[PDB]
Every structure is written in structure tokens, then in C-alpha cells.
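Coordinate inspection notes
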Amino acid sequence: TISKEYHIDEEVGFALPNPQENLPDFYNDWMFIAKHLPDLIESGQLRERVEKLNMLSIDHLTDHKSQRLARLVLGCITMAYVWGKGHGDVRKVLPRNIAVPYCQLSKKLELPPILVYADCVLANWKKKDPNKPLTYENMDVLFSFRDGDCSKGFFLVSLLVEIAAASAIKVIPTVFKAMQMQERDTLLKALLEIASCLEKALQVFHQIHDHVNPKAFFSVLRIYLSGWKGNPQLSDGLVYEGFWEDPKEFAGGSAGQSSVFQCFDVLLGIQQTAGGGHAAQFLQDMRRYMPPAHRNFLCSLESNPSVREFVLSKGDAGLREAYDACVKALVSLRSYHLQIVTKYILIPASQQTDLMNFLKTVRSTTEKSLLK
Amino acid sequence: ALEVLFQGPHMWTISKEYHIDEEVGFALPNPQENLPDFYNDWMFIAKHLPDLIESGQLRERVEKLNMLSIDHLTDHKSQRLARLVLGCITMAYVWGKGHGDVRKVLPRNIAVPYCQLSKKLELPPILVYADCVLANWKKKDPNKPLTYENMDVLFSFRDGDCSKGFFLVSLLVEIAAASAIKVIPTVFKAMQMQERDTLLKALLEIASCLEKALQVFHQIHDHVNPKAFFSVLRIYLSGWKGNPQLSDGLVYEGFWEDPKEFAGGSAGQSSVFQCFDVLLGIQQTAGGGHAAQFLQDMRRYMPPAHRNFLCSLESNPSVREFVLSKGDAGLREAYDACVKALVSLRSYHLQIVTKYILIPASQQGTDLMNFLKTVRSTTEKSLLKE
Ligand code: HEM
Ligand code: HEM
Ligand SMILES: O[C@@H](c1cn(-c2ccccc2)nn1)c1c(Cl)ccc2cncn12
Ligand SMILES: O[C@@H](c1cn(-c2ccccc2)nn1)c1c(Cl)ccc2cncn12
């Protein structure tokens, strides 16, 4: 089985298992702002509460779980401070009392000082009842931006798909051992089990329609998910007062930072990061926005022999069909996700396309990997 | 690679799967000089680029070629030679005499086998450092050592372009730096086993190798002249990514519908310099700045096994964090000797770029100087003591 140094959980995969909900009492001033973002933003009191904070030291965040929660807390606060009510009045400077500990904690965890997928999805969750299973009914997010932003449905359904896809990660060492030991039947069973997991993850995706509405997602949630890299509203980036002199550019939170989808593209030899195109550049860049242990895991998968080249060289129809079932399952996930992006982004944008092209390129690359 | 999945990133040995040679490091050991007779038409053009370009006959010879199948290139060495052959031909076809008459479409009979062979080797269809430096060499006498006098390049662009001196001296520096790569597993084993004296000896041995590599660099002046380098060689080293002359990239006829953008050959694609920056925790690829983005992007222009080696070094524990935490002057000084050796190499290289690029450019820009100054500055700021 996969090394503990990669920080992949047997149950939740790349998600942070049982994330911390409360920080030490020393950080109550950060927690108050983070827990009341909807109210402070709406009332125009948020920027003042952030500006009134004292610079708190990161030294009292003793373990990884408390450091991850503080990163989620500070990152949510930073998005609300920069974007405000989300109507054009942006802030181009982040106050030193929040920027200094945010950048120091970010340097410690090897993550950029901006809200990432590992913060808002992987560490932004809790079980309502610890004795009940990981189902939507028994779960909640830790932080939201606005009342009615559908951040619970959006972040939780992504997390549930991450968790569903994680049951196929345990099969990865079985695949590489079967190839090395030349165990054809073992490899075929392993590939069919990965396909089975990815097919099941598509059913999990269907839940998006019951917990997210297009108007609230597009007009409200979208604003706080935005970053400051190539953003016309913050063309030079954000100033991290007291940490860097010049404004720094960082891309906003993205599911392109999910390690579970990138690890199946690497496993199946779908060269998403090859060819010098825009989609390849984006997905490669998003690896530096992943937790270092997860970024290391992706490297290690790439360093292993190609499953695609192995299957292509055997002249075995059963093995080729098991490989194609894995690729077809990823194509179906991405095709369904394209229909979702049309419903939640494309159509609401018309009632008020570069993202669609990115998703269509990634999907096309997956489709072109079928051996047929 | 299978044990790294179960036990974790622990590079206590340099696996043969990384394709690092004990003698030449990241360079391709004893590269192939001749292709099978089936490819004689490719070899004739590649071997006579200076003459065909000068006479205006090159584009016609390329356009008259038949589409040759890549199936007859059976091993890695023949595939690497063919990539160097086709890449040199592509630079000459696109740039011509180097005076503004560019070609925006690469003929299918050369673009199809170039892109197929590139896809096979996981390298972009443009001449890279692993082609023009690492695989562009031969020993004149196999029984004599790896010295400039006993070596030659396989391909050149123009008569008097100094490509032999430029490519061979880079190769000799790569080879000199390679003797420090064998010490990398000694460093990670010493840290794991907490063998302080072993670690100190290992760090001083790496510094010794990098210091010796600076002396190898001095040979550049005897084999390259600034006028020929700047006015002639520079042209053929250019790519088509952010290039005003080919703003949309090159069309690889019969392979892709749209023009694709690929950056030109760069020593930023050298794995030996990037591996010591990673080893010493000089975070060249961090911060989101232009230098960081460039060096990260250049990893996809490296051979896949070498790109894998770099990310495996990043996955391993930090030598810098280990040395910083020990309160040991001798260990800090051995680490600083390694960093100071890289600062000296980059400072000397800045003087070289002034001589060969800056001054000739002025006798008729500084964006490359700023890139080199940022990389040098990052190295200098990694010293634990000034
Ligand atoms: C309200 C529903 C959703 C919308 C509107 C949506 C939107 C988007 C957009 C705009 C992108 C492009 C990258 C970017 O801009 O950051 C993207 C990428 C992606 N999304 Fe979603 N998404 C939704 C639900 C989900 C769910 C539930 C998952 C499951 C984990 C998910 C997984 C991905 C992945 C893996 C990518 C990266 C590209 C790929 O590998 O295909 N998305 N999404
Ligand atoms: C005629 C002499 C030389 C000139 C004019 C020259 C020029 C350049 C230029 C313009 C760059 C910036 C990146 C790019 O534009 O692609 C560069 C980078 C670099 N060069 Fe050279 N170079 C010379 C000799 C050498 C030699 C002999 C080596 C040895 C292998 C070398 C190693 C490097 C490295 C490692 C980089 C990447 C940046 C760094 O890590 O500092 N150069 N060079
Ligand atoms: O990529 C982001 C993201 C950004 N946007 C967006 C919306 C409208 C206009 C521009 C960007 N939509 N999603 C993302 C996050 Cl942060 C979390 C989970 C997830 C699932 N699929 C995508 N996910
Ligand atoms: O980085 C390239 C390179 C690019 N340029 C250049 C100069 C002027 C205008 C445009 C490009 N010069 N050298 C390079 C190659 Cl391809 C091979 C060895 C080497 C050593 N140092 C740099 N090396």
C-alpha cells in the first residue's frame, strides 16, 4: 500500500481527514471574522474588522490540522476583504496584520497566499454526527461567503466526488505491482475496479442539481472564487503588506488543483500536461497550488512505467478493454461536468466561453487516449 | 519507482531508470552519429545545413523529401539522433538565411515524422538542449578522454557560427558538474542516518566538483567569438513562443491543424544546474515570478527520465532545512561552499553574456540579463553566512 508520507487517507483520499473546526482561543479574532463573513460583508463591516486586527503570531498553530484550518480561515477572510460585496469595489492592498501571518503560514505549508482547492474543499468540511457515514445529509462546510451562495452544495459535492474517486487510489499499487510481476489477470481486475470506482463517482456528481442553483452560484459564489492572475480588476496582483513590496499575482481556487483527477490522467497516460497548449500550462501550474505531499505523489506516479504503453504492447483485447473502460469513465465524468458548466455558468452569464474551451480540450485529450 | 510508492520518496540510490550516466551525467553517453541508410536523405540535409542555407537550396531539398516512417529507428540512441537531425533541419527551414524571410508552415514530409518521434520521446517538436548539447557530440578517438581536442559536434547551422565551441563547452561543463550527481545519494543517506561527518564530506565534495566546473567554463573564450555568436548562431537558437516573427507559432502540417508555440533551445533546460538548485533548496521555481515560471516550464523540454529525477529530488527532505537546524558551523560552511560555487558559476556566466550578447547587440534586449541576475540573486540570497 501507498506510503503514509503522501498523506492520502484510506477513506477520504486527498481530502483532509476529520478537519479541525476550532482554532486555539488565541486566534478568536480571526475565527470571529471567518465565521461571520455573510453578515460582515453585507453590512460593510468586514474591511473595518480586518483593518482593526492585531498581527497574531503563527507559532501557536502547533499541528498540521490547525495550520490547515488557519489557512482556510485567513484565505476566506482575504477573498472577502479583496472583493467586498462583489460589485467592483476591490481592495488592492491586504493589511499587514493579516497578510504577514497569512504569507508566513503559507510559506510553512508550501502553498500560495490565496484560497486554494485544498482549503475550500478538502479542509472545509465536518460530519454532523461522527457515528453516521460520509453522506451529504450528514455533512456541512465550515465556512461560507454570503447567505444563499450555495457554497455548501458546491464545496460538499466536489468533496463527495473526491472521496468517491479515492476508492480507486488504493488500486494504484496493485496496478504497478501487476505490471512488474507480469500478472496479467491481476492487472485486468485492477483496471476494471478503477473503472468501477470512476463510474460510481459519476452518480455522486448528480447531487449538484439538488444543492446548487445557477443564479446564486454565478452571481454570488463566482465572485469570491476569483483570484488575481490575469484579472482585469487587479491587473498587477495583490499587495501583501509587510511581506512583499510589489503586488503578487496568484490564480484563484480551482478544481484544476484537485490531485485525484490529475492522478488518474497520469496513471492512464493521458498526457494532460504535454503539447505546450494553454490547458497543459494551466494544469501543470495548478500543481504548485496542491499540498506538497500530493504534488510529490503525482511526480511519483509519472516516474513509474506507463500503464498505457504496457497495455498497448501486449496484444490483449481483454486488457485493452479494461483500460478503455477507465478512460471512458473519465470521458463520461468530464462530459457530464461540461453540461453542468453550461447550466451554472454559460446560461446565467447570458442572462446578466474560455472556461468551456479549457474543459473541452481536457475532455478531448481524454477521448483521444482510447485504444479502441 | 515501485518501492517509492510504498515506502515514500527516499533517494538513497540513483536508479538506472533516471538515465544519468556515471561519466557524462545528463548527457547522452556515446551518441549515435549515423542513422540507418533508409534516412540518408535526412542526413544529407542535416550534414550540409551551412551550404544549403547559404546557397538558398535548403527549403527546396526539404520540400522535395518523401515522408519517411519512424519505424526504422529501433533504439533510443537512433531516435535521439533523428530528433537532433530533424530539429536542426526545422530551425534552418523556418529561419532560412536569418534575415526576415521566415517559413510559417513546416512541410508534412518532415513535420509528421518529427512530431511522431517527439511524441515517442516525450519532447516538444523543436530543437532542445538535450538535442543540440547532450546528444550533439562524438569522441574523435574512443580510446582518448573527454577533452575538447578529442571531441566534435555532429551538426552545425552556418559556416563560422561557433556552434562547435558553444555546444561543446556547455557539454564539458555539464560533464564536469555530473561528477557531483553521484554524491546526491550519499547526502540523502547521511541525513536519514544522521551521519554528520559523512554529510559534511559529501557537501564539500559537491562544492569541489562545482568549483572545477568553473575552470571548464573558461574554455568558452578560445572556441567562440562574439560577432559570429550574436550575428549568426543566435538566429537558429530562436523558437516560436512569444516571437513576433512567428506570433502564432509554427504549423506542423499533417500533425496539428493550428500553429503551435514552443520555446527555443535553452540552457534553462539543463537538468544538472536545476538539480543542484533543488538539492540546496535554492527555490528557483518559487514565487510566481518570470524566472521561476521560465525554469519550471523548461522542465517539460527535458528528457522525461531527467524531469522525473528533478521532481524526485523535490520530494526528498530539504538539505537546507537540515543544515539550518543543526547549529553546526562546519556543516553550514560546507553547504555555503556549494551555494558559493553556483554563485561564482552564474557571476562568470553573466560576464560571458555581456561579452557575447550585450556588447555585440550594442554595436548596431536586457530582459535576458534581468533573468540571469534574478537567478544569480536567488542563489546568493541562499547563503547562510555572506
Ligand atoms: C456547480 C457546479 C460546477 C461548476 C459550475 C464547475 C465549474 C468548473 C470550471 C469553471 C472549471 C474550469 C477551471 C477553473 O475555472 O478553475 C472546472 C474544472 C474542474 N472541475 Fe468543476 N464545476 C462544478 C462542479 C464540479 C464537481 C462537483 C467536481 C468534482 C470534484 C468538479 C471537478 C472539476 C475538475 C476535476 C476540474 C478540472 C478539469 C478537468 O480535470 O476536467 N467540478 N469546473
Ligand atoms: C557563448 C557563451 C554563452 C552565452 C552567450 C550564454 C547565454 C545564455 C543566455 C542568453 C541564457 C538565458 C536563457 C536563455 O536565453 O535561453 C543562458 C542561461 C544559462 N546558461 Fe548560458 N551562455 C553561454 C555559455 C554557457 C555555458 C558554457 C554553460 C554551461 C553548461 C551555460 C549554462 C547556462 C545555464 C545553466 C543557464 C540557465 C540559467 C542559470 O541557471 O543560471 N551557459 N545562457
Ligand atoms: O475551479 C473552481 C471554480 C471556479 N469557478 C468559476 C465560476 C464562474 C466563473 C469563473 C470561475 N467555478 N469553479 C472550483 C473550486 Cl474553487 C472548487 C470546486 C470546484 C469544482 N469545479 C470547479 N471548482
Ligand atoms: O540558452 C541557450 C541560449 C539562448 N541564447 C540566445 C542568445 C541571444 C538571443 C536568443 C537566444 N543563447 N544561448 C543555450 C543553448 Cl541553446 C545551448 C547552450 C547554452 C549555454 N548557455 C545558454 N545556452
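Residues numbered from 1 in each chain as written, not as in the entry; some residues may be left out. Chains lettered and ligands numbered in written order. Heavy atoms only, no water. Residues with missing side-chain atoms left out of burial classes, pairs and counts.

Overview of the overall build of chain A
To be explicit about the condition: Counting from the N terminus, the helices are the DSSP runs of H or I reaching at least four residues and the strands are the DSSP runs of E reaching at least two.
Counting secondary structure elements, chain A contains 17 helices and four strands. Across its three principal directions, the C-alpha atoms of chain A cover 70 × 50 × 45 Å.

A look at the state of the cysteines
In plain terms, the rule: Note on terminology: pairs of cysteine sulfur atoms within 2.5 Å are recorded as disulfides. Categorising residues by exposure relies on relative accessible area from a 1.4 Å probe, with only protein chains included: less than 20% of the type maximum marks a residue as buried, more than 50% marks it as exposed, and the intermediate range marks it as partly exposed.
Enumeration according to the criterion identifies one disulfide over all chains in this entry. Each sulfur in the disulfide pair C299(A) and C311(B) lies 2.0 Å from the other. On the sign convention where negative is left-handed, the bridge of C299(A) and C311(B), at about 80 degrees about the S-S bond, is right-handed. Within this pair, whereas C299(A) is found in helix α14 (residues 292-303), its partner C311(B) is found in helix α15 (residues 304-315), the two belonging to separate chains. Looking at the unpaired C275(B), the closest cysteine sulfur is the one in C338(B), lying at 11 Å. Take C275(B): its relative accessible area is 0%, and that puts it in the buried class. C209(B) provides the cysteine sulfur closest to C338(B), a residue in no disulfide bond, and the two sulfurs are 9.2 Å apart. With relative accessibility at 0%, the residue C338(B) sits in the buried group.

What to know about the coordination of the iron atom of ligand 1
Residue and element names in this part refer to chain A. Put simply, the test is: For Na, K and Ca the donor cut-off is 3.2 Å, and for all other metals it is 2.8 Å, counting N, O and S atoms only; because water is absent from this set, sites may look incomplete. Geometry is assigned from the angles between donors: four donors with all angles from 85 to 135 degrees make a tetrahedral site, four or six donors whose opposite pairs exceed 155 degrees while the rest stay between 65 and 115 make square planar or octahedral sites respectively, and everything else is labelled irregular.
No other protein atom reaches the iron atom of ligand 1 as a donor apart from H337 (NE2), found 2.1 Å away. With six donor atoms in place around the iron atom of ligand 1 and angles of 83 to 179 degrees between them, the coordination shape is octahedral. Structurally, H337 is set in helix α16 (residues 317-350).

Focus on the pattern of salt bridges
As a reminder, the rule being used: Any carboxyl oxygen of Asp or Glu within 4 Å of a side-chain nitrogen of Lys or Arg constitutes a salt bridge here.
Scanning all chains against the criterion turns up 21 salt bridges over all chains. Among the ionic pairs, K144(B) bridges to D141(B), the shortest N-O distance being 3.4 Å. The partner of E314(B) in a salt bridge is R299(B), and the shortest N-O contact between them spans 3.1 Å. Of the two residues, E314(B) is situated in helix α15 and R299(B) in the loop between α14 (290-297) and α15; the sequence distance between them amounts to 15 residues. Beyond isolated ion pairs, a larger network of salt bridges with shared partners links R184(A), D185(A) and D316(A).

Some points on the interface of chain A and chain B
Basically, it comes down to this: Any pair of residues with heavy atoms lying within 4.5 Å of one another is described as a contacting pair. By the convention adopted, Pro, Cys, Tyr, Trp, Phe, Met, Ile, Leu, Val and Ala count as nonpolar, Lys, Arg, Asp and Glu as charged, and the other residues, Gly among them, as polar.
Each partner contributes residues to the interface: chain A has 25 residues there, and chain B has 22 residues. Counting only elements with at least two residues in the side of chain A that touches chain B, the list comes to α8 (172-180), α13 (278-285) and α14 of chain A. The element contributing the most residues to the side of chain A that touches chain B is α14(A), with seven residues. Classifying every residue of the side of chain A that touches chain B by side-chain character gives seven nonpolar, 13 polar and five charged.

Thoughts on the site of ligand 3
Residues and elements named next belong to chain A. As a reminder, the rule being used: When we say a residue is near a molecule or strand, we mean one of its heavy atoms is within 4 Å of it. Nitrogen and oxygen atoms within 3.5 Å of one another constitute a polar contact, given that in protein one can donate a hydrogen and the other can accept it, and given that sequence-neighbouring residues count only through two side-chain atoms. Only the protein chains shown count as cover for residues, with accessible areas throughout obtained via the Shrake-Rupley method and a probe of 1.4 Å.
Around ligand 3, the surrounding shell consists of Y117, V121, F154, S158, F217, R222, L225, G253, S254, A255, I345 and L355. Between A255 and ligand 3, the recorded distance is 2.9 Å, taken from a backbone N or O atom to an oxygen atom. Contact with the protein chains removes 81% of the 490 Å² of surface that ligand 3 exposes when unbound. Elements that contribute at least two residues to the shell around ligand 3 include exactly α7 (151-166) and α11 (214-225). In terms of residue count, α11 provides more of the shell around ligand 3 than any other element does, three residues in total. Taken together, the residues of the shell around ligand 3 break down into eight nonpolar, three polar and one charged.

A closer look at the side chain of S369(A)
Residue and element names in this part refer to chain A. Positionally, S369 belongs in the segment after α17 (354-367). Of the polar contacts made by the side chain of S369, one reaches the backbone oxygen of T365; its length is 3.3 Å. Other than its neighbours up to four places away in sequence, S369 contacts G269, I270, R308, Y323 and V327.

Quick look at the coordination of the iron atom of ligand 2
Residue and element names in this part refer to chain B. Counting protein donors around the iron atom of ligand 2 gives one, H349 (NE2), at 2.0 Å. Between the six donor atoms coordinating the iron atom of ligand 2, the angles at the centre fall across 80 to 180 degrees, so the site counts as octahedral. Note that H349 resides in helix α17 (residues 329-362).

A word on the site of ligand 1
All names here are of chain A. Looking at ligand 1, there are 22 residues lining it, with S158, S254, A255, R334 and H337 nearest. One of the side-chain nitrogen or oxygen atoms of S254 is found 2.5 Å away from an oxygen atom of ligand 1. Side-chain polar atom of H337 to a nitrogen atom of ligand 1: 2.8 Å apart, as the coordinates give it. Breaking the shell around ligand 1 down by element, the ones donating at least two residues are α7, α16 and α17. In terms of residue count, the dominant contributor to the shell around ligand 1 is α16 (six residues). Grouping the amino acids of the shell around ligand 1 by side-chain chemistry returns 17 nonpolar, four polar and one charged.

Comments concerning the UniProt feature "binding site: heme b" in chain B
What counts is decided by this rule: UniProt positions are given in the numbering used here, feature names are shortened, and annotations may be inferred rather than shown by experiment.
The feature "binding site: heme b", as annotated in UniProt, sits at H349(B) in this numbering. With near-sequence residues (within four places) excluded, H349(B) lies in contact with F217(B) and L372(B).

Structural notes on the side chain of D161(B)
Residues and elements named next belong to chain B. Put simply, the rule is: None of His or the chain ends enter the tally, which takes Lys and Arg as positive and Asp and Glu as negative.
Tracing the sequence through the fold places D161 in the loop between β3 (151-152) and α8 (163-178). Buried charged residue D161 carries no salt bridge. Nearest counter-charge: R158, at 7.2 Å. A distance of 2.9 Å separates a polar side-chain atom of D161 from the backbone nitrogen of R158. Other than its neighbours up to four places away in sequence, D161 contacts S156, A228, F229, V232 and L233.

Here's the deal with the packing of α8(B) against helix α12 (residues 226-237) of chain B
All names here are of chain B. Counted only if it meets this: Convention adopted: a line fitted to C-alpha atoms gives each axis, helices being fitted over their contacting stretch, and angles between N-to-C directions are expressed from 0 to 180 degrees. Oblique is the label for every angle not falling under 35 degrees (roughly parallel), over 145 degrees (roughly antiparallel), or within 65 to 115 degrees (roughly perpendicular).
It is at 11 Å that the axes of α8 and α12 come closest, and there the two elements cross at 65 degrees. One way to sum up the angle between α8 and α12 is to call them roughly perpendicular. For the pair α8 and α12, contact is made by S163, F166 and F167 and by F229, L233 and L237, respectively.

Overview of the environment of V24(B)
Residue and element names in this part refer to chain B. Relative to the helices and strands, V24 is located in the loop between α1 (2-7) and α2 (40-47). Assessed through its relative accessible area of 2%, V24 is described here as buried. For the pair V24 and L331, spaced 307 residues apart in the sequence, the C-alpha separation amounts to 28 Å. Among residues more than four places away in sequence, those in contact with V24 are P29, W137, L146, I175 and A178.

Observations regarding unusual backbone geometry
For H7(A), which is not a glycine, the phi torsion comes out positive at approximately 55 degrees. Among the structural elements, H7(A) can be located in the segment before α1 (28-35). For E122(B), which is not a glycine, the phi torsion comes out positive at approximately 55 degrees. Relative to the assigned elements, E122(B) resides in the loop between α6 (108-121) and α7 (129-132). Judged by relative accessible area, which is 37%, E122(B) ranks as partly exposed.

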